[PDB]
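Please read the structure below before turning to the comments.
Protein chains: 2
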Amino acid sequence: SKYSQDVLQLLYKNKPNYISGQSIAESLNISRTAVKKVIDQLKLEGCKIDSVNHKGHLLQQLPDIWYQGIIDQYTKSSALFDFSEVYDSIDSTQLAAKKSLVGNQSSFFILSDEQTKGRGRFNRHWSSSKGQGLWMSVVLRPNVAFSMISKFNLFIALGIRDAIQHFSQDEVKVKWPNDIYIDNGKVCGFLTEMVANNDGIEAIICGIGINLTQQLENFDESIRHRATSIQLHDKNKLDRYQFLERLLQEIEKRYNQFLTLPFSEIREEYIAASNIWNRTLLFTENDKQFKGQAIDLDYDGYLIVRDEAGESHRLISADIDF
Amino acid sequence: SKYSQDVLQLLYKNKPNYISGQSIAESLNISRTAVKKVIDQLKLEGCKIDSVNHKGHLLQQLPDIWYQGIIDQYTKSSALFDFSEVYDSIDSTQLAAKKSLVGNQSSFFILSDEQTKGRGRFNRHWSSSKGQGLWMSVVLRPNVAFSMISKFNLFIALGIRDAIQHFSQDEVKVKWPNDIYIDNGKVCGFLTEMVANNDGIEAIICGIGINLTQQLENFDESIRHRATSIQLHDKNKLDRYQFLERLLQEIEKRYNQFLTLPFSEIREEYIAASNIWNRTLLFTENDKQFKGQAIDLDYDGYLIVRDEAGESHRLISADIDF
Ligand SMILES: Nc1ncnc2c1ncn2CCCCNS(=O)(=O)NC(=O)CCCC[C@@H]1SC[C@@H]2NC(=O)N[C@@H]21
Ligand SMILES: Nc1ncnc2c1ncn2CCCCNS(=O)(=O)NC(=O)CCCC[C@@H]1SC[C@@H]2NC(=O)N[C@@H]21
C-alpha cells in the first residue's frame with residue numbers, strides 16, 4: 002500500500018507508546034478503515050504490532066525485511082546521511098550507488114534485501130542471500146587528499162568490527178585491509194571505490210556486505226568453512242534493525258575520526274584488533290603469488306611484510322589469504 | 002523518422018558513389034516512397050544530397066549537427082570504441098558517461114550538440130554553445146597502475162593538439178596539464194576523471210570540449226579575450242565531421258602510445274609543443290595563490306616550478322593561469 006511505509010514510520014516514531022488508528026488517520030489524511038487495512042497487511046508481512054481496544058497500536062518487532070519508512074527515520078536523525086534507497090532486490094547496491102551519486106553531492110546509502118550480481122574485490126562473486134545479510138553501499142564526500150584517502154578503510158574497519166562485536170559473544174577481528182572475521186570465519190567484507198582526479202575526490206562508495214543470520218547450510222559449499230554470520234555467534238536472536246542502527250552509528254563515528262585524526266591515533270587499537278600477525282599469509286600480485294608474514298603496520302597504515310625470500314615490503318594494500 | 006539515421010548511414014558508407022532509392026529501400030525493407038520522404042527530410046535539416054534522375058543520391062556535405070547513423074560508422078571501424086551515444090542536448094556528456102559506464106566494461110564516447118550544465122575542472126562553468134563546438138566524453142578501460150595513470154593527460158593532450166593543428170593555419174600549443182591554445186586563445190580544455198581503488202581502475206572518463214566555429218561574439222564577454230575557436234584560425238570552412246574523424250584517430254593513436262611507451266618518448270615533443278615556458282604563471286592552491294616559472298618537465302610528467310619565493314616544486318598537477 003502507498004501509505005504502508007508512512008504507517009510503519011509513525012508506529013516506529015511513537016515507540017514505546019501506543020497510537021490510535023484515528024491518530025494515524027489524521028496524520029496521513031486517510032480513513033480509519035484504510036489505517037486498519039494497512040496494519041493488517043503489515044502484520045501479514047510479519048510485523049509484530051500489539052493492538053488493544055481503546056489504546057491503538059504498538060510496533061513490537063520488525064521482520065527480517067528492510068522497510069523504507071523505518072530507514073527514513075534513521076536518515077532524518079543522521080547529520081551525515083542525507084537519504085537512503087531501500088530495495089527488495091537489485092543487481093548490486095554498489096552499481097546503484099555509482100549511478101545515484103552522479104550529478105549531486107549528497108551523502109547517502111543504498112540497502113537491498115538481496116543482490117543478484119553482488120561483487121567483491123577484483124569482481125569476485127559475492128553471495129547475497131535474501132533476508133540473511135546486510136548488503137549496503139555508502140556514498141560519502143570526503144574533501145581529502147589521496148595521501149589520506151587510503152586511511153578511510155582502516156577507520157571504517159574498526160567501526161564495522163565494533164558494530165558486530167556488540168552482538169557477538171565471540172571475538173571479532175579485522176583482517177587487513179577489508180575483512181571482518183569471527184574466529185576463523187569471514188563475517189564481513191567491504192570494498193571502497195572512488196571517483197576522483199588529481200584535483201580531488203568527487204565521492205567514495207563503500208560497499209559493505211555483512212552476514213547476519215546465515216545458517217552454515219545457507220553458505221555455498223565452497224565458502225562454508227571460511228564464512229560465518231553474526232547469528233552463529235549470538236545466543237539471542239539478532240535483530241537486523243538494532244544492528245543497522247549500531248552499524249550506522251559506528252560508521253558515522255569512525256568517518257568523523259578519519260576526517261579529524263591521523264591514523265596514528267587508532268594504530269594501536271587497529272593492531273590489537275587485527276588477526277593477521279604471527280601467521281604466514283598468501284599474497285596474490287597479478288600472476289605471481291608468494292608467502293609472507295605481517296611484521297608491522299606503519300604510521301601511514303601500510304602493512305610491512307617479510308616475504309618468504311626474506312625481502313621487506315611496504316604495502317598500501319594487498320589481497321591476502323590465510 | 003525511424004529510418005533517417007539508417008538512410009544517412011547508407012549514404013555515408015557509399016561515398017563517393019551514388020545509390021539508387023530502390024537500393025536504399027531493399028536494404029532497409031521499406032518502400033521507395035518512404036526513402037524519398039526521408040531524403041527530403043534530411044535535405045530540410047541541411048544535408049547536401051545530390052540527386053540525379055537515373056543514378057540516385059550522393060551525400061555531399063553534412064550540416065553542423067551530430068548524427069548517430071554517421072557516428073555509428075565511426076565506431077564500427079574503430080578497434081577501440083565499442084559504441085557511441087549522440088545527443089542533441091544534455092545536461093553534460095560527462096554526467097552521462099559516468100552513468101553509462103556503470104556495470105559494463107565497454108569503451109565508448111558520448112557526444113552532444115549542446116550542454117546545459119557543462120562543467121570544467123573544479124566545477125567551473127563550461128560554455129557549450131549549440132552547433133558551435135565538440136562536447137564529448139570518452140570512457141576507456143586502461144589496465145594500469147596509479148603511478149602511470151597521470152600520464153594519460155600528457156599523451157591525450159598531444160593527440161588533441163595534432164587534430165586541431167591539422168585545421169589551424171596558426172600554431173596550436175599545449176598549456177599543461179589540460180588546455181589547448183591557439184596563440185593567446187583557449188580552443189580546448191579537457192578533464193580526466195577515474196573510477197578506481199587500490200586494486201585498479203574501473204574506468205577513466207575524459208571530458209573534451211573544443212570550440213569549433215564560435216565567432217568572437219559567440220563567447221561570453223567574460224572569456225572572449227581568452228577563448229578562441231578553430232574556425233577563427235582556418236581559412237576554409239571547418240567541417241565538424243572531418244575534424245571528429247581526425248580527433249578520434251589521434252585519440253586512438255595517443256591512447257595506444259600511453260599504454261605502450263613511457264612518457265620519456267614524448268617528453269621532448271611535449272616540451273616543444275608547450276606554451277608555459279619563459280613566462281610567469283599564477284598557481285592556485287586552495288585559498289593560497291602564488292606566482293612561479295615553469296623550469297622543466299621531468300621524466301614522470303611532473304612540472305618543475307620555481308615559485309616567487311625561490312622554492313622549487315614538483316607538481317603532478319596544478320591549475321595555472323597566464
Ligand atoms: N556472503 C559471503 N560471506 C563470506 N564470504 C563470501 C560471501 N560471498 C562470497 N564470499 C567469498 C569471496 C569473498 C570475496 N572476496 S573479497 O572481495 O576480498 N571480499 C569482500 O568482502 C568484498 C565484497 C563486499 C560485498 C558488498 S555487498 C553490498 C555491496 N554490493 C556489492 O556488490 N558488494 C558490496
Ligand atoms: N567553451 C569555452 N571555451 C573556452 N573557455 C571557456 C569555455 N567555457 C568556459 N571557459 C572558461 C573557463 C574554463 C574552465 N576551466 S578548466 O576547467 O580549467 N578548463 C577546462 O577546459 C575543462 C572543461 C572540459 C569541457 C568538456 S565539454 C564535454 C564534457 N562535458 C562537460 O561538462 N565537460 C567536458
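Protein sequence lines, in the order shown, are assigned to chains A and A'. A prime marks a further copy of an entry chain.
Each residue of the first sequence is one higher than the last, beginning at 2 in the entry's author numbering.
Each residue of the second sequence is one higher than the last, beginning at 2 in the entry's author numbering.
Cβ coordinates follow ideal geometry from the N, Cα and C atoms, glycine included.
Residues that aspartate 200 of chain A contacts on chain A', provided the C-beta gap is smaller than 8 Å:
The answer, in chain order, is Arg122, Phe123, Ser318 and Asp320.
Name, in chain order, the residues that DSSP records as bridge partners for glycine 134 of chain A'.
Bridge partners of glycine 134 of chain A' according to DSSP: A'/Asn212.
Is there a C-beta anywhere in chain A' that falls below 8 Å from the one on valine 103 of chain A?
Yes, contact with chain A'.
Option in A'/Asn237, A'/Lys238 and A'/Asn219 with minimal Cα separation from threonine 229 of chain A'
The shortest Cα separation from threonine 229 of chain A' among A'/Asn237, A'/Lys238 and A'/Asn219 belongs to A'/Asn219.
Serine 113 of chain A' at chain A interface by Cβ criterion, 8 Å
Proximity of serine 113 of chain A' to chain A, defined by a Cβ-Cβ separation below 8 Å, is not satisfied.
For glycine 208 of chain A', count neighbouring C-beta atoms within 10 Å of its own C-beta (all shown protein chains included) and say buried if the count is 16 or more, exposed if not.
Buried: at least 16 other Cβ atoms inside 10 Å.
Which residues, taken in chain order from the segment 266 to 295 of chain A', show a beta carbon closer than 8 Å to some beta carbon of chain A?
Close to chain A, meaning a Cβ-Cβ distance shorter than 8 Å, is no residue of the segment 266 to 295 of chain A' at all.
For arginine 247 of chain A', which residues from the same chain have a beta carbon less than 6 Å from its beta carbon, with the 5 sequence-adjacent residues on both sides left out?
If you ignore the 5 residues before and after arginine 247 of chain A', its C-beta comes within less than 6 Å of the C-beta of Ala164 and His167, all in its own chain and listed in chain order.
Secondary structure at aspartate 7 of chain A', three-state DSSP: helix, strand or coil?
Per DSSP, reduced to three states, the secondary structure at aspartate 7 of chain A' is helical.
Return the residues of the segment 181 to 195 of chain A' that lie within a Cβ-Cβ distance of less than 9 Å from chain A, sorted by chain order.
Residues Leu192, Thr193, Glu194 and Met195.
Please find out if some non-hydrogen atom of ligand 2 comes closer than 7 Å to the beta-carbon of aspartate 180 of chain A'.
Yes, the Cβ of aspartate 180 of chain A' comes within 7 Å of a heavy atom of ligand 2.
Alpha carbon to alpha carbon, what distance is there between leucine 298 of chain A and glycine 190 of chain A'?
Answer to the nearest angstrom: the Cα atoms are 42 Å apart.
Give me the chain A residues within the contact set of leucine 96 of chain A', using Cβ-Cβ distance strictly less than 8 Å, ordered along the chain.
Those within 8 Å of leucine 96 of chain A' in chain A are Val103 and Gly104.
On the three-state DSSP scale, how would you describe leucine 102 of chain A'?
In the structure shown, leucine 102 of chain A' sits in coil (DSSP, three-state: anything other than H, G, I, E or B).
Among A'/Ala197, A'/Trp177, A'/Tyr256 and A'/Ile231, which residue has its Cα nearest to the Cα of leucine 282 of chain A'?
The option with the nearest alpha carbon to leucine 282 of chain A' is A'/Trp177.
Expected contact under 8 Å - CB spacing of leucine 239 of chain A' and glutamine 250 of chain A' to nearest Å:
Taking a contact as a CB-CB distance under 8 Å, the pair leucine 239 of chain A' and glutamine 250 of chain A' does not count as one, their CB atoms being some 17 Å apart.
In the DSSP assignment, the beta strand (DSSP E) including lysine 44 of chain A goes from what residue to what residue?
Boundaries for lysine 44 of chain A: no beta strand (DSSP E) harbours it, while the alpha helix (DSSP H) harbouring it runs 33 to 45, taken from the DSSP string.
Using CA coordinates, which residue listed in A/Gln69, A/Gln294, A/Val140 and A/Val103 is at the minimum distance from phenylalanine 109 of chain A?
When each option's Cα is compared against that of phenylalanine 109 of chain A, the closest is A/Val140.
Proximity test, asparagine 279 of chain A beta-carbon vs ligand 1 heavy atom, cut-off 7 Å:
It does not: the Cβ of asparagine 279 of chain A is nowhere closer than 7 Å to a heavy atom of ligand 1.
Closest Cβ-Cβ distance between residue 1 of chain A' and chain A: below 8 Å?
Any question about residue 1 of chain A' goes unanswered here, given that chain A' covers just 2 to 323.
Endpoints, the alpha helix (DSSP H) within which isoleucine 111 of chain A is located:
Judged by DSSP secondary structure, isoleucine 111 of chain A falls outside any alpha helix (DSSP H) and instead within the beta strand (DSSP E) spanning 109 to 113.
Could you tell me the alpha carbon to alpha carbon distance between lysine 152 of chain A' and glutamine 258 of chain A', rounded to whole angstroms?
Roughly 10 Å separates the two Cα atoms.
Could you spell out the range, first to last residue, of the beta strand (DSSP E) harbouring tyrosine 182 of chain A?
Segment 180 to 183, the beta strand (DSSP E) holding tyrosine 182 of chain A.
Beta carbon of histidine 58 of chain A', beta carbon of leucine 12 of chain A': below 8 Å?
It is a contact, given that the beta carbons lie within the stated cut-off.
Alpha carbon to alpha carbon, how far is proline 143 of chain A from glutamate 172 of chain A?
When rounded, the distance between both Cα atoms is 31 Å.
Tell me which residue opens and which closes the alpha helix (DSSP H) that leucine 248 of chain A is part of.
First-last of the alpha helix (DSSP H) with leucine 248 of chain A: 241 to 261.
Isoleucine 224 of chain A': beta carbon under 7 Å from a heavy atom of ligand 2?
Yes.
Helix, strand or coil: which one does DSSP assign to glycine 70 of chain A?
Look at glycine 70 of chain A here: in three-state DSSP terms it is helix.
Alpha carbon to alpha carbon, what distance is there between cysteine 48 of chain A and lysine 3 of chain A?
Straight-line Cα distance between these residues: approximately 17 Å.
What is the DSSP secondary structure of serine 265 of chain A', counted as helix, strand or coil?
Note: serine 265 of chain A' maps to helix in three-state DSSP.
Pair every Cβ in the segment 305 to 320 of chain A' with every Cβ in the segment 277 to 293 of chain A', then say whether three or more of these pairs are closer than 8 Å.
The count of Cβ pairs closer than 8 Å, one atom from the segment 305 to 320 of chain A' and one from the segment 277 to 293 of chain A', reaches three, so the stretches are in contact.
Between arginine 122 of chain A and ligand 1, is there a pair consisting of the residue's CB and a ligand heavy atom that are separated by less than 7 Å?
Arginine 122 of chain A Cβ: within cutoff of ligand 1.
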